[PDB]
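*Asks:* From first to last, the protein sequence lines are chains E, A, D, C and B. Using PDB author numbering, the final residue of the first sequence is 334, and nothing's skipped along the way. Using PDB author numbering, the final residue of the second sequence is 343, and nothing's skipped along the way. Using PDB author numbering, the final residue of the third sequence is 368, and nothing's skipped along the way. Using PDB author numbering, the final residue of the fourth sequence is 371, and nothing's skipped along the way. Using PDB author numbering, the final residue of the fifth sequence is 363, and nothing's skipped along the way. This is the structure I want to talk about, given as structure tokens.
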Amino acid sequence: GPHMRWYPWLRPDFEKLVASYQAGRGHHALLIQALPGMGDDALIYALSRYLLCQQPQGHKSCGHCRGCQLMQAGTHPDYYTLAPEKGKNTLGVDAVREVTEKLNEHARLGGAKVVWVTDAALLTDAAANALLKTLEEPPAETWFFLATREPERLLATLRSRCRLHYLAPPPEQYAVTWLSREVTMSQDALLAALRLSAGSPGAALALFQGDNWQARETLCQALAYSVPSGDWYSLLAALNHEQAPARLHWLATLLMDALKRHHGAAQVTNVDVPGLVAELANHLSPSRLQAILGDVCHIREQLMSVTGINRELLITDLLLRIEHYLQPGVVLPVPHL
Amino acid sequence: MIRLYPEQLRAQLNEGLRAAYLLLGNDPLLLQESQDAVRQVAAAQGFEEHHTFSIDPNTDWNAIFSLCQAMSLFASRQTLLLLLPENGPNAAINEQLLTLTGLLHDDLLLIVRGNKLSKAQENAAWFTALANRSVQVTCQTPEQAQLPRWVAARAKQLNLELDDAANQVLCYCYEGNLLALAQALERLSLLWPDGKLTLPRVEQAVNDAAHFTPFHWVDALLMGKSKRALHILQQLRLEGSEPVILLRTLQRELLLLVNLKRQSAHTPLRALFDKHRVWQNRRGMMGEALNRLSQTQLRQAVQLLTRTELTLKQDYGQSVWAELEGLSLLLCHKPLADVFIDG
Amino acid sequence: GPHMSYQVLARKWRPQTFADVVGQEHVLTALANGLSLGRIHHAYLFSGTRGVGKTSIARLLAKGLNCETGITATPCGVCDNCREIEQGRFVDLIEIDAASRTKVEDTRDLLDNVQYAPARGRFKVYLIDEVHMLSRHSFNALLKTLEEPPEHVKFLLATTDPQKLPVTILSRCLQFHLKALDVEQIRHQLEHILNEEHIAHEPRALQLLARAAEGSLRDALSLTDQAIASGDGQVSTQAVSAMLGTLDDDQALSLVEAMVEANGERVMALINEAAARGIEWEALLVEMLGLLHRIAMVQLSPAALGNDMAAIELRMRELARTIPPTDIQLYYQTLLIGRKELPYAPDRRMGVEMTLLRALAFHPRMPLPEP
Amino acid sequence: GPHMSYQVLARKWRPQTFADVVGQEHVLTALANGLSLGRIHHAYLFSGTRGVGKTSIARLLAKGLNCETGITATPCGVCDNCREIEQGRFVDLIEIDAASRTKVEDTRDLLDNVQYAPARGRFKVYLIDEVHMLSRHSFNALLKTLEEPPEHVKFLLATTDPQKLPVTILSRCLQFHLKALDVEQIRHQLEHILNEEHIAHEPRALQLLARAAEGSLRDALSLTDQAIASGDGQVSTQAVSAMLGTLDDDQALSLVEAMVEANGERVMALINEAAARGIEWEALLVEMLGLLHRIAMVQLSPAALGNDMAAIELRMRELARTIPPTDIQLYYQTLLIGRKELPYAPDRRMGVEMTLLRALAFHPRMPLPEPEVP
Amino acid sequence: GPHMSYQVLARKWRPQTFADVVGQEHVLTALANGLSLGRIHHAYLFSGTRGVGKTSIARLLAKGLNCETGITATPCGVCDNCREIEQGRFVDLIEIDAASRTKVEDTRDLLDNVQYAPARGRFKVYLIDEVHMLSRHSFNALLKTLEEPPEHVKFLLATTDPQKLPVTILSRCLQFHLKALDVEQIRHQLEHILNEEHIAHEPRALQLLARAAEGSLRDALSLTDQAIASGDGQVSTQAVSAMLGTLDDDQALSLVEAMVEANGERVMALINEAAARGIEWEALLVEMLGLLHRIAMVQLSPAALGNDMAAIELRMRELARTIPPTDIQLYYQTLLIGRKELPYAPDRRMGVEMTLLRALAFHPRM
DNA sequence: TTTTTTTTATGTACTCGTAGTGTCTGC
DNA sequence: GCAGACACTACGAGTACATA
Ligand SMILES: Nc1ncnc2c1ncn2[C@@H]1O[C@H](COP(=O)(O)OP(=O)(O)O)[C@@H](O)[C@H]1O
Ligand SMILES: Nc1ncnc2c1ncn2[C@@H]1O[C@H](COP(=O)(O)OP(=O)(O)O)[C@@H](O)[C@H]1O
Ligand SMILES: Nc1ncnc2c1ncn2[C@@H]1O[C@H](COP(=O)(O)OP(=O)(O)O)[C@@H](O)[C@H]1O
Ligand code: BEF
Ligand code: BEF
Ligand code: BEF
Ligand SMILES: [Mg+2]
Ligand SMILES: [Mg+2]
Ligand SMILES: [Mg+2]
Ligand SMILES: [Zn+2]
Ligand SMILES: [Zn+2]
Ligand SMILES: [Zn+2]
Ligand SMILES: [Zn+2]
């Protein structure tokens, strides 16, 4: 997904919110909860296009007006966007402070003002708290739009302010049909990709479009080699990358399917890789699988959360600890009770 | 483009000044001596006006306009001295040096000093523009293998009787600080007019003013010298170096050690070192390190390193300077380490 | 047009007198007694949870302090000072979003300007909300003023986390704690609001909104606005139940029965069925924890079990009869840690899967088939 | 009393003479001896926790330095200088709020005027409040001033954490340390306050207030003012207990006993009563944990219990000698894990009940019965 | 006023002759020989810890260099130049509080006087005190002056941290590093100072005062004056012991010592005192954990003592030798669990007490 | 013998160069 | 007038350091 592709699974919610916004019964601060690539960006863009210019027929775009000319070119000064600096990774509180004071300085063109945060989960504590008063009491006809993948990660003091909207994932069969139309791959691979992305067709499309599929198949081959021999260290060659958290999530998914197979669950998530799950079930004990799953999830969370942490050291330590666990007579860890 | 050592500098200085002299290295004492000798011989040749400029992203850049080629009003030959930053020149400093070199003339002698330039910068346009006109002086700190010979040579320079034990003590206390060593020799000459130097006072007129680098610490770890490793760690902590640079320097070598130990069971270390492109200085050191350590010790080391990294970048605590110490003892001549203390 | 913008209930229904509070009586009694007598202080620090009323309480305190009727426990909206305080544009009430301006320079400028006499107001009230975000330099700057301020200066601070504030600042102010609102108070306030707004509602929807508000009235109002937007202009039980993903069937009960029976196939089939209908996982885990709590209570006292879950009483009675208390406690602990772990491994489905697998691990899953 | 101006107790009752200062006998005796005998040092640093007197004692020393009756250890209230000091309008008591004037330029300005002599005073005092707030350059600008000050200038510094000052400053200035006030001292001072001010009070409420603001008297004064506000202008036990959110020790120990003797119905009844009273559940867990810790301490030594819990002292002993310490360790661990995991329970009431039920199930002596069917 | 006149012990007793400086023998001897042979470097930079005489020795150097009797290690008090050095009003001695005159404007103004000949002295002597803090451009001006210094000007730089000084100034300055004063020398001079004044004293009290100061003479004298004030005009052992107990800070070490010996009453008294001396309980427990870590590490190799434990080495060596590694490991695990468990406990004093009780319960002491 | 090597977010001082502002001096 | 000079004050930028 390059940029802002309209999604049919977004059409219903969209009009509903328009019905709320057109009648003047819409909350100023709306927090979107959607999966990565679910299309929340397109929803926010369409909403802002509706809001920020002369009233169109009442639906669709805003026609051919000054608002559309400025918005499409990205020149509208009443369309404030909060995006992390590419050199950094988080929304500096200075950017939010500047945006809030600029909003306080009244609009420039006719109409309302729209502030859009490209991702709420990337807000630091100071940046998140710098928005509290502005959300509580917007100056005049100010509408916010915050996108997130889970509202619980966001501060409780901010989740109170915003009316929460939920973009439910599309039904799995419909998403499978859509992806098969969009991408020519076998049904099993399609299903595994969809379940890997928690039913987010946009995320699955992003996974297929890039090299992520090649990385996943390389990781699968490396796991197939490593599982019987017990030489998990080689997996490092496939795990160290800028997308390390996603590959660790894939590994955790494989371990989850292995435990599922041990319990014989009717449903799995790595459908198109039965050989690896069979090998993992055969060669590894359920307690060992659970321990490895816990360690992998913990390492993924530590990599994703703590900014600046060294990827290579953590991945190597995880692999060596797994190596230690595979050896007989080694006490496995348990969740912190 | 002449290349020289400080000891040979007089040989070039008494022959005739070149267009410019470049004083590259990391020894304050050697660079200071070379610069002072060049300035002294220039004054003997009739150079009187000296201007010193420090190369900085915000410093003045009037040095270009300072080449008026019109001093003739007084006609005092000028010497220009430039101080490069810690990391060397940047692009902007590159073209500044280009335009300074383009305006060089006979009446002006240019003295350039700073940290040794890397290969990426040794091909810079200005440095090439100094070809056939410049004399580089190599001033790099002698290592502990070569340091005592240098100390003995300087003691003979001052006509002082240096004992072997005194030489060893001074080498141990003032490692990596040549200026401190010169000051100590002067101070001990002042304390003892007789000229001899023996233990009873050279162990008294000395301090632990040694300056180290993370590479020295990693070398101490590889050679398994616990006492030197701990002393180096203490000196680095006192100096104030950031612990993250220590963590990275040790992480690189520890990961290489883990990979080499894993591959040693199937391939001789001689081919493994060449495949991993290990320099001849470090091949034997890493061979001894591999022969000393087992897989379990390396696994414990990496576990401790990971815990230190987490407690540094997540809790922001100051316990790192302790944990590194344990990691030191974890990899030297039978660590005899623990689990709760690290795990 | 009375609503140029949507005056959301979280803003339109801000209290204007002391009688509009939903029951913060412990602090209101102290405030009324202090205003009624001469006992007035120069530093009030209201703390507590989100959306509980401390900013509104502070604004009401300012209104009572500055109204030209006098120092009245009940402020009068007729007063011009109250008219200006309820809106913006009051020369005396200086409201500073502390998180917006954390720099010590702004605090130093404020403390330079505090010296001047108030304009036409009895007390120059400084209302600093979200005070816990101020930089430590500003915190230390706010020490010597709060201890011996000019008589005409009153400081009102509000924060959601007293611990983050330095102990020195807490030591100079009156600390009021605003307890989280109970279910009944929130439900009564919501029914009063909806009756005043001529919007239809149902008691079950109001009860669900109060339950999900987690003790914060602003959460209740936001959920009510969610229901209004997604309920076609009325608060209906179906709309709120659907939006909250709450459980009306025995899915949680069947899931915990399968888990305690250690039937992994049944557990995973039920979890897959739950994923099919898109049941919210956090609510499922909360319901399972509540059911396990009821199991423990009935094990301790069978009479306590007699509750709303009457139609399913036999099942919980059998589970209490057949399961030791230690296993129930281990199950509750595992599910609770799992609930702590939902906002980890962003795909929450596999998070609940992890929690269920950990819970299942305690009992033997041996392939040994025995009755 | 008669003052219709209800001045805050934190402000009205600031110490006037060295006789009005409670506690801190160390600093009080040191200053009295160093001012009666002479030998006044040129820099003081009062280091202590919050609300112990880090500033008022400095003002008392300032009064004692330049008084009309000469250098005296008893600051009078008759001469103009002392009253001007108390009003804060005194000419020579330059009160440097170091938090505001923290930049090095302001410190240079302060040092520039040091030699310009005092006006209507034996000494000029530079009372620098919160010195731990100055910048590094500001800290170091005044070194040679502190080491060799003029004969008429005396510094009086007051910081909460001296560890943040550079070590040389700790060298130059005298290091006076003020210990946190004890509970009995706080109770006596509050009794003095509520007797001088005509407010009816009850001793149990005063003890509760003193304990709830441990180590800091200004905390106690603020809590007492807020309790006067909460009550009908009188410090009663009910008002203080309801305000603090604390639960009376007798009833918490009653819950603890019901837990120890495995009486589930009594535990449930007490929980229901606490729910009816509106006491915060986490506060109930906190009180139970504190009582269990006190039980452990009295197992360590019977002297660990002061008069504070005297009302139930006997019961305390009857819990110390009847159960082994390992049971206390298990109980403390269970209740503490419960407190840690409370915020994620279905409800705070549900979480507290489940924690108590877990402590009841897992406790060794007479545990809960297990199902008859294996 | 009506209290006669009593100065400060820190400012008084400052040495006026090289024989009155106690300790730092190597620096004084080197300076004496350099002045005797006429071998004087252009710039002398003093360095060392606080309160070891760097400024005082520099002032003595400035007095000696301009003495009319000649450059000597023992300048007389007779010379009017020497007397003006005493009073602080000497035209040829330029005392620059570089901690206050950091800006390049003032430094350049005061360094533009190098062109002027001394008024009544052989050498124009600059005493730039606290040189470590100084603007970068002021360092440039000072370096330009020192590169081509007039023959009638000598520099006397003083500082506490020589690291902050640029290397270009260090390479041009003869650096003299001063050691932290040994305890015996501190006690000896404290005895002599107390005897020269009309103050009674006690031997154990004197030893306690000497040990309390961390090798710095100014610290020792400041504590001496404070104890005299608290001691009712007498340096008595009980009064100074109580004073130092009030000012006692290294609580964690005593806590470890009491915990490892299973002394319940002692550890309870220590934690009560640490509560009265208002501190942070998390910081105390972290310090205890770190001390236990160090004790565990020292048993593996003595070199772990390092430099930080120079004033703590005596007790740490005994603790490391006398305690088995397993007990130290168990104590470290208990304290780590307690620190993880502390915030969720009741008020943190209760949690620290409970963790200490947990650690104490391991030993069979009853 | 030669290169080798870093974790950010937010804030607070400090000091120098360049410009903007006042004002007033014999110009 | 008077505008330049000269002061004087403020602002950006580069650097160093602190706390979390
Ligand atoms: N005690 C209360 N009485 C009535 N409404 C309340 C009360 N507390 C909160 N609210 C509602 O919550 C909204 C926000 O309240 P606010 O006072 O800002 O809470 P906070 O203390 O977190 O700042 C108000 O607009 C009002 O609708
Ligand atoms: N030792 C004390 N005796 C009597 N009152 C005290 C004492 N310490 C603090 N207080 C009370 O606290 C108020 C302010 O005390 P203060 O001396 O400012 O503490 P700090 O040391 O923090 O500046 C005083 O007005 C007084 O009522
Ligand atoms: N070597 C010493 N001999 C005698 N007194 C000393 C010595 N070092 C420090 N002192 C004492 O400390 C006081 C201040 O000493 P000073 O030399 O100013 O220390 P600094 O090195 O920090 O400038 C002196 O008055 C003197 O009493
Ligand atoms: F939302 Be409130 F100010 F805590
Ligand atoms: F209120 Be005190 F000066 F900390
Ligand atoms: F005067 Be010293 F440097 F403390
Ligand atoms: Mg608020
Ligand atoms: Mg104070
Ligand atoms: Mg000094
Ligand atoms: Zn349009
Ligand atoms: Zn009114
Ligand atoms: Zn008086
Ligand atoms: Zn003389």
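Cβ coordinates follow ideal geometry from the N, Cα and C atoms, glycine included.
Do you know how far the Cα of residue 187/A is from the Cα of residue 198/A?
*Replies:* Those two C-alpha atoms are separated by around 14 Å.
*Asks:* Taking the alpha-carbon positions, what's the residue 287/A to residue 330/A distance?
*Replies:* So the alpha carbons of these two residues sit roughly 18 Å apart.
*Asks:* Tell me which residues share the same chain as residue 137/B and place their Cβ nearer than 7 Å to its Cβ, disregarding the 5 neighbours each side in the sequence.
*Replies:* Contacts found: none.
*Asks:* Does any residue of chain B bring its CB to less than 9 Å from the CB of residue 248/C?
*Replies:* No, because no Cβ of chain B sits closer than 9 Å to the Cβ of residue 248/C.
*Asks:* Considering only the alpha carbon of each residue, which of 25/A, 316/A and 92/A lies closest to residue 56/A?
*Replies:* Per the Cα distances, 92/A.
*Asks:* Put residue 37/E into one of helix, strand or coil per three-state DSSP.
*Replies:* Three-state result, residue 37/E: helix.
*Asks:* Apart from the five residues just before and just after residue 5/B, which ones in its own chain have a Cβ nearer than 7 Å to its Cβ?
*Replies:* The answer, listed in chain order, is 222.
*Asks:* Please name the residue in 325/E, -1/E, 101/E and 63/E whose C-alpha comes closest to that of residue 77/E.
*Replies:* Per the Cα distances, 101/E.
*Asks:* With ligand 3 as the reference, list in chain order each residue whose Cβ lies under 6 Å from any of its heavy atoms.
*Replies:* Spelled out in chain order, the answer is 144/C, 7/B, 8/B, 10/B, 11/B, 12/B, 18/B, 19/B, 20/B, 21/B, 47/B, 48/B, 49/B, 50/B, 51/B, 52/B, 53/B, 214/B, 215/B and 218/B.
*Asks:* Can you list, in chain order, the residues of the region 332 to 354 of chain D whose Cβ is nearer than 7 Å to any Cβ on chain C?
*Replies:* Those would be 333, 336 and 337, in chain order.
*Asks:* Please compile the residues from chain E whose C-beta is within a distance smaller than 7 Å of the C-beta of residue 135/D.
*Replies:* In chain order: nothing, as chain E lies at least about 13 Å away.
*Asks:* Quick check on the burial criterion: 16 or more other C-beta atoms within 10 angstroms. Buried or exposed for residue 36/E?
*Replies:* Looking at its Cβ environment, which holds 16 or more other Cβ atoms inside 10 Å, residue 36/E is buried.
*Asks:* Flag residue 133/D as yes when its Cβ comes closer than 8 Å to any non-hydrogen atom of ligand 5, and as no otherwise.
*Replies:* For ligand 5, not one heavy atom lies less than 8 Å from the Cβ of residue 133/D.
*Asks:* From 251/B, 268/B, 326/B and 208/B, pick the residue whose C-alpha is nearest to that of residue 187/B; which is it?
*Replies:* Comparing Cα-Cα distances from residue 187/B to each of 251/B, 268/B, 326/B and 208/B, the minimum goes to 208/B.
*Asks:* So is the beta-carbon of residue 335/E under 8 Å away from any non-hydrogen atom of ligand 7?
*Replies:* No answer is possible for residue 335/E: it lies beyond the span of chain E, which begins at -2 and ends at 334.
*Asks:* Using 8 Å for Cβ pairs, my map puts residue 37/C next to residue 62/C. What's the rounded Cβ distance?
*Replies:* Correct: roughly 7 Å between the Cβ atoms.
*Asks:* At a CB distance below 8 Å, what residues from the region 292 to 318 of chain A approach chain E? Give them in sequence order.
*Replies:* Flagged, chain order: 299, 302, 303, 305, 306, 309, 310, 313 and 314.
*Asks:* CA-CA distance, residue 352/C and residue 270/B?
*Replies:* If you take the alpha carbons of residue 352/C and residue 270/B, they lie about 34 Å apart.
*Asks:* Alpha carbon to alpha carbon, how far is residue 131/C from residue 161/C? Give it in angstroms, no decimals.
*Replies:* Spanning the two alpha carbons is a distance of roughly 10 Å.
*Asks:* When DSSP labels each residue in this structure, what does residue 113/E get in the three-state scheme?
*Replies:* Here residue 113/E sits in strand by DSSP.
*Asks:* Which residues in chain C sit within 9 Å of residue 0/B, going by Cβ to Cβ distance?
*Replies:* 32, 33, 34, 35, 36, 37, 67 and 68, listed in chain order.
*Asks:* When DSSP builds the beta bridges, which residues end up paired with residue 188/C?
*Replies:* Beta-bridge pairing links residue 188/C to no other residue.
*Asks:* Would you say residue 253/E lies against chain D (beta-carbon separation less than 9 Å)?
*Replies:* Judged by the 9 Å Cβ criterion, residue 253/E is in contact with chain D.
*Asks:* Could you have a look at residue 314/E and say whether DSSP puts it in helix, strand or coil?
*Replies:* In this structure, residue 314/E counts as helix in the three-state DSSP scheme.
*Asks:* Would DSSP call residue 6/E helix, strand or coil?
*Replies:* DSSP places residue 6/E in helix when its eight states are reduced to three.
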